[PDB]
J.: 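Structure in structure tokens, see below.
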Amino acid sequence: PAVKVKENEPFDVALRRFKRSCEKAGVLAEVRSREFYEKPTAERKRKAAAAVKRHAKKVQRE
Amino acid sequence: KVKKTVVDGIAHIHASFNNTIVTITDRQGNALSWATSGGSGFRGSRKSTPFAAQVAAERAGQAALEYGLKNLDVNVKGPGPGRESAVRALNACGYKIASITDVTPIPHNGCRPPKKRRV
Amino acid sequence: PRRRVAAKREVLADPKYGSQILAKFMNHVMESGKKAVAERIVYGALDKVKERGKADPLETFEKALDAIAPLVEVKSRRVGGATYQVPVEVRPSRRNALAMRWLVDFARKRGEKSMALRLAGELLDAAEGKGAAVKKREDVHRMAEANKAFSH
RNA sequence: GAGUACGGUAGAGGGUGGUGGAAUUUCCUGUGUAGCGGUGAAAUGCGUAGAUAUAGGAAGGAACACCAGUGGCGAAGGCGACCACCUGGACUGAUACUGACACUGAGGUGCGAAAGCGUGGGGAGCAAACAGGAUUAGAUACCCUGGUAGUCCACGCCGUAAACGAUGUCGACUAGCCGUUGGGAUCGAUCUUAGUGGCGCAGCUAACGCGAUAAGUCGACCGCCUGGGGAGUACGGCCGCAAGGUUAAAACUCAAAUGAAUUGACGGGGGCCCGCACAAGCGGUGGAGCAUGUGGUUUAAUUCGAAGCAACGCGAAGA
Ligand SMILES: [Mg+2]
Ligand SMILES: [Mg+2]
Ligand SMILES: [Mg+2]
Ligand SMILES: [Mg+2]
Ligand SMILES: [Mg+2]
Ligand SMILES: [Mg+2]
Ligand SMILES: [Mg+2]
Ligand SMILES: [Mg+2]
Ligand SMILES: [Mg+2]
Ligand SMILES: [Mg+2]
Ligand SMILES: [Mg+2]
Ligand SMILES: [Mg+2]
Ligand SMILES: [Mg+2]
Ligand SMILES: [Mg+2]
Ligand SMILES: [Mg+2]
Ligand SMILES: [Mg+2]
Ligand SMILES: [Mg+2]
Ligand SMILES: [Mg+2]
Ligand SMILES: [Mg+2]
Ligand SMILES: [Mg+2]
Ligand SMILES: [Mg+2]
Ligand SMILES: [Mg+2]
Ligand SMILES: [Mg+2]
Ligand SMILES: [Mg+2]
Ligand SMILES: [Mg+2]
Ligand SMILES: [Mg+2]
Ligand SMILES: [Mg+2]
Ligand SMILES: [Mg+2]
Ligand SMILES: [Mg+2]
Ligand SMILES: [Mg+2]
Ligand SMILES: [Mg+2]
Ligand SMILES: [Mg+2]
Ligand SMILES: [Mg+2]
Ligand SMILES: [Mg+2]
Ligand SMILES: [Mg+2]
Ligand SMILES: [Mg+2]
Ligand SMILES: [Mg+2]
Ligand SMILES: [Mg+2]
Ligand SMILES: [Mg+2]
Ligand SMILES: [Mg+2]
Ligand SMILES: [Mg+2]
């Protein structure tokens, strides 16, 4: 979210740190997940699909 | 024919998908100079590109350099492209980037968003 | 093609001047397989350049070529919903052929006595850049600059 | 078998109040000036009667990010901010107690998403109807800008859903392996319960597939089916304020309708690969005159045949 500039750091660590902090906070994900109303049927459907894919991926290692 | 000086201001980036708006104020939030990607002469899909953001941010910074402004707190708001392009555009103008923050509003539950597009 | 197996046959058949770029200009200016006519036309233009400019025509031709060689060009792309043009830098080899093609094409339509003095006028004009070929190269460049929003 | 008494465990189970933070909108005020918004690209719309952005203040309504999980609770429908009060059930351990007090259940009785209806409040966002702008041959649609009922609250009604695991309730048996939510024991390991998931032996099935959460082996009781349309419609009865719900035919008409799987074909499905198929270049046709073939028209006859690529300087390498 916020970034600190110190020790006359070059203007390359600043942007990289800002991007890393932003993706850690996941601001883009949350703002993308709210541009349209997403009904509870689609909620449960998407979560069930995510669950089945996650379990398949976990099993596939063995 | 009115003149005043200011040092260590704050610059706002409003980067939506369609357009990005750059403005400069003091710590008190009084407008000094602003520039828009629509005003930079793009008028279309190009208006969304990060290059238009760079052009608008540098134009606004060069307009605001008349007041001095040896220090800037730049804060960004919006998920559109050019989120970081305007930062480098302002750094090209010859300011001191004191800090960079995001003020993207995130409702906890809030109002419900509009209906889903069927395209 | 789809293989990338096509070879690159090398042709360097300068008769007396012994220049490589001159040979490719010969191949460009040749029409209907008339090599001798191309030889006479290019050598007449070269001799006019010599009798006009005190500088040797080799370097005059070279500096005309280097002042008409472009650096970037605009190329259309099918985005799937819009008609977009993106600027791309020239391959180092392609710019020579582009300059040769532009020079010969603009020289073909002067309207004066013959292509000897036509190519002479074009070489003198492009030596410092007052020819129509240089103007159209600048127009292509300014297309590429005005379409920089895409860039990539 | 069923139930009672006693300590604990977990939980968006239910009801009545109170209180939080993020955000949107609206209003007021300061700075500031020419755009904002939206799209595939636009336009409608909002702006110099000073907008968008930006800073401060105020009002109000609604939903409760992150935790969050093949996670939990509930008869089902369903239930996520935090706290207090009232309240149902389930798991878990030992002892004591009652001594078949059980299962199912036609009728009946209640609970029952959303939309809808009645009376009275409330109204930020969204948004049927509706207005305008686009797209289009048309566009009473998809897209854009606005926008009323409604969505929220109290009380009452309505009785329906792909109300679904498309699988009635209860009980007993039948190889195993990997998770996970509560709780116990014995020494991170082993065992044992009540749920919730993934595979799989027998067995079953038309096949798909099910497989201790059976669709296997069996018992007890209930509900329902008898070719496709007509039709879950008509008439009658009973409910409802209305919308309508429920019970429920016949004439007539057809020789089929249907389920699962197989081969091919196809797709404005996907992944690789190839070809002057594109791209990179050169040169042409379509404009002129003429030659030649064909179509049409005319003629007494313009002799027959060839007709998307795969007919048209073709049978005809000589009217
Ligand atoms: Mg929208
Ligand atoms: Mg404002
Ligand atoms: Mg405010
Ligand atoms: Mg449920
Ligand atoms: Mg309702
Ligand atoms: Mg209603
Ligand atoms: Mg009502
Ligand atoms: Mg009312
Ligand atoms: Mg409203
Ligand atoms: Mg609309
Ligand atoms: Mg609206
Ligand atoms: Mg509205
Ligand atoms: Mg009505
Ligand atoms: Mg209510
Ligand atoms: Mg349900
Ligand atoms: Mg059923
Ligand atoms: Mg059926
Ligand atoms: Mg049942
Ligand atoms: Mg059963
Ligand atoms: Mg029972
Ligand atoms: Mg049972
Ligand atoms: Mg049992
Ligand atoms: Mg199995
Ligand atoms: Mg069966
Ligand atoms: Mg069967
Ligand atoms: Mg029996
Ligand atoms: Mg029986
Ligand atoms: Mg039985
Ligand atoms: Mg029948
Ligand atoms: Mg019949
Ligand atoms: Mg019948
Ligand atoms: Mg009826
Ligand atoms: Mg009848
Ligand atoms: Mg009736
Ligand atoms: Mg079939
Ligand atoms: Mg196909
Ligand atoms: Mg091509
Ligand atoms: Mg012709
Ligand atoms: Mg013609
Ligand atoms: Mg014929
Ligand atoms: Mg031929």
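Just so we're on the same page: letters track the sequence lines, and every chain starts at 1.
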J.: Is there a Watson-Crick or G-U wobble partner for D:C170 with both distances under 3.5 Å, and which nucleotide is it?
T.: D:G219
J.: Evaluate the side-chain proximity of C:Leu71 to C:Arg137: yes if any heavy-atom separation is below 4.5 Å, no if none is.
T.: yes
J.: Are the aromatic rings of C:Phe25 and C:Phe61 close, with centres under 6.0 Å apart?
T.: yes
J.: Using the sign of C1'-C2'-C3'-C4', would you call the sugar of D:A250 north or south?
T.: north
J.: Under a 3.5 Å cut-off for both distances, is D:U186 Watson-Crick or wobble paired, and to whom?
T.: D:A189
J.: Applying side chain to side chain contact (heavy atoms under 4.5 Å, CB included), run through A:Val5 and B:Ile97 and close with a yes or a no.
T.: CA-CA 8 Å; A:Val5 288; B:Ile97 301 301; 5.5 Å; no
J.: So which nucleotide does D:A277 pair with, by the Watson-Crick or G-U wobble rule with both distances under 3.5 Å?
T.: none
J.: Any chance you could lay out the side chain to side chain contact (heavy atoms under 4.5 Å, CB included) test for B:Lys96 and B:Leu72, step after step, and finish with the verdict?
T.: CA-CA 6 Å; B:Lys96 179 183 275 275; B:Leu72 273 182; over 6 Å; no
J.: Ignoring the backbone of C:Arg3, work out which of D:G281, D:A22, D:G275 is nearest its side chain.
T.: D:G275
J.: Using the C1' atom as the point on both nucleotides, what is the distance between D:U52 and D:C46, in whole Å?
T.: 9 Å
J.: Please indicate whether C:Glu59 has more than 12 foreign heavy atoms, meaning atoms of other residues, nucleotides or ligands, lying under 6.0 Å from its CD.
T.: no
J.: Using the purine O4'-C1'-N9-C4 or pyrimidine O4'-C1'-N1-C2 torsion, is D:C101 syn (within 90° of 0) or anti?
T.: syn
J.: How is the sugar of D:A291 puckered by the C1'-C2'-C3'-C4' sign, north or south?
T.: north
J.: For D:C304, what is the paired nucleotide under Watson-Crick or G-U wobble rules, both distances under 3.5 Å?
T.: D:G315
J.: Going by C1'-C2'-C3'-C4' alone, is D:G156 a north or a south sugar?
T.: north
J.: Partner lookup for D:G110, please. Criteria are Watson-Crick or G-U wobble with both distances under 3.5 angstrom; report none if nothing qualifies.
T.: none
J.: Side-chain N or O of C:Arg94 versus OP1/OP2 of D:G281: is the shortest distance under 4.0 Å?
T.: yes
J.: What integer distance in Å separates A:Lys47:NZ from D:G80:P?
T.: 15 Å
J.: With rounding to whole Å, what would you report as the distance between D:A141 and D:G47 at their P atoms?
T.: 30 Å
J.: Quickly work out the B:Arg46 CZ to D:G40 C1' distance and round it to whole Å.
T.: 14 Å
J.: So does B:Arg112 get a side-chain nitrogen or oxygen closer than 4.0 Å to the phosphate oxygens (OP1/OP2) of D:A62?
T.: no
J.: Could you go through B:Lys77 and B:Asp102, starting from their C-alpha distance and side-chain angles, then the distance that decides it, and tell me whether this counts as salt bridge (charged side-chain N to carboxylate O under 4.0 Å, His left out)?
T.: CA-CA 6 Å; B:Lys77 154 197 293 173; B:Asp102 63 49; over 6 Å; no
J.: Would C:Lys16 count as a cation-pi partner of C:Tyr43, with NZ or CZ less than 6.0 Å from the six-membered ring centre and within 45° of the ring normal?
T.: yes
J.: Base, sugar-phosphate or nothing for A:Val52? Non-hydrogen atoms, less than 4.0 Å.
T.: base
J.: Only pairs with both distances under 3.5 Å count, Watson-Crick or wobble alike; so what is the partner of D:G295 in this structure?
T.: none
J.: When both hydrogen-bonding distances must be under 3.5 Å and the geometry is Watson-Crick or G-U wobble, what is D:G283 paired with, if anything?
T.: none
J.: What nitrogen or oxygen pairs link the protein and nucleotides 32-39 of chain D at under 3.5 Å?
T.:
residue	atom	partner	partner atom	Å
D:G32	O4'	B:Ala31	O	3.3
D:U33	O4'	B:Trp34	NE1	3.2
D:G35	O3'	B:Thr36	OG1	3.0
D:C36	OP1	B:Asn19	ND2	2.5
D:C36	OP1	B:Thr36	OG1	3.3
D:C36	OP1	B:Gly38	N	3.3
D:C36	OP2	B:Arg43	NH2	3.2
D:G37	OP2	B:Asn19	ND2	3.4
D:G37	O6	B:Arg43	NH1	3.0
D:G38	OP2	B:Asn18	ND2	2.6
D:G38	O5'	B:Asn18	ND2	2.8
D:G38	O6	B:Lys47	NZ	2.4
D:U39	OP2	B:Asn18	OD1	3.4
D:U39	OP2	B:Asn18	ND2	3.0

J.: Quick one: are the six-membered base rings of D:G93 and D:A94 within stacking range, meaning centres under 5.5 Å apart and planes under 30 degrees?
T.: yes
J.: Suppose we define a pair by two distances each less than 3.5 Å, Watson-Crick or G-U wobble; what does D:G122 pair with here?
T.: none
J.: I want to verify the glycosidic state of D:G110; is it syn or anti under the 90° rule?
T.: anti
J.: Of A:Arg54 and B:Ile10, whose closest RNA chain D nucleotide lies nearer the 5' terminus?
T.: B:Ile10
J.: When you measure from the side-chain N and O atoms of A:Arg34 to the phosphate of D:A23, is any distance below 4.0 Å, counting only OP1 and OP2?
T.: no
J.: Of all the nucleotides listed (D:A65, D:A53, D:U70), which has the minimum atom distance to the side chain of B:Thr23?
T.: D:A53
J.: Has the side chain of B:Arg83 got a donor or acceptor atom that lies under 3.5 Å from a matching backbone atom of B:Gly78?
T.: yes
J.: Is it true that atom CZ of C:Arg78 has more than 12 heavy atoms of other residues, nucleotides or ligands lying nearer than 6.0 Å?
T.: yes
J.: Nearest whole angstrom, please: distance from the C1' of D:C164 to the NZ of A:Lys45.
T.: 14 Å
J.: Atom CZ of B:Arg118 to atom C1' of D:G40: distance rounded to whole Å?
T.: 18 Å
J.: Quick check on D:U302: syn or anti? Syn means the glycosidic torsion is within 90 degrees of zero.
T.: syn
J.: Could you tell me if D:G47 and D:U48 satisfy the stacking criterion of six-membered ring centres under 5.5 Å apart and ring planes within an angle under 30°?
T.: no
J.: Can you confirm if the NZ or CZ of C:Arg77 lies within 45° of the ring axis of C:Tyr84 and under 6.0 Å from the centre of its six-membered ring?
T.: no
J.: Return yes if the base of D:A277 and the side-chain atoms of C:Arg2 contain a donor-acceptor N/O pair under 3.5 Å, otherwise no.
T.: yes
J.: Stacked, yes or no: D:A202 with D:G203, six-ring centres under 5.5 Å, planes under 30°?
T.: yes
J.: Looking at D:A249 and its strand neighbour D:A248, I'd like to know if their base rings stack, meaning the ring centres are under 5.5 Å apart and the planes differ by less than 30°.
T.: no
J.: So do D:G237 and D:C238 actually stack on each other, going by six-membered ring centres closer than 5.5 Å and planes off by less than 30°?
T.: yes
J.: Under the convention that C1'-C2'-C3'-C4' above zero is north and below zero is south, what is the pucker of D:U226?
T.: south
J.: Is D:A214 in the syn range, within 90° of 0, or in the anti range?
T.: syn
J.: Identify whether any heavy atom of B:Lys115 sits under 4.0 Å from a base atom; if not, whether one sits that close to sugar-phosphate; answer base, sugar-phosphate or nothing.
T.: sugar-phosphate
J.: So, is D:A310 syn or anti if syn means the angle is within 90° of 0?
T.: syn
J.: To the nearest Å, give me how far apart CG (C:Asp105) and P (D:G281) are.
T.: 12 Å
J.: Going by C1'-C2'-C3'-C4', which side is D:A62 on: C3'-endo/north or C2'-endo/south?
T.: north
J.: Could you tell me how far apart A:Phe36 (CZ) and D:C144 (P) are, to the nearest whole angstrom?
T.: 13 Å
J.: If you find the nucleotide of RNA chain D closest to B:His12 and the one closest to C:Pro1, which residue's nucleotide is nearer the 5' end?
T.: B:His12
J.: Just distance, no hydrogens or angles: give the donor-acceptor pairs under 3.5 Å from side chains in residues 91-104 of chain C, sequence neighbours left out.
T.:
residue	atom	partner	partner atom	Å
C:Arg95	NH2	C:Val90	O	3.3

J.: Take atom CZ of C:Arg78 and atom P of D:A41, then tell me their distance rounded to the nearest Å.
T.: 13 Å
J.: Atom NE2 of A:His55 to atom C1' of D:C199: distance rounded to whole Å?
T.: 9 Å
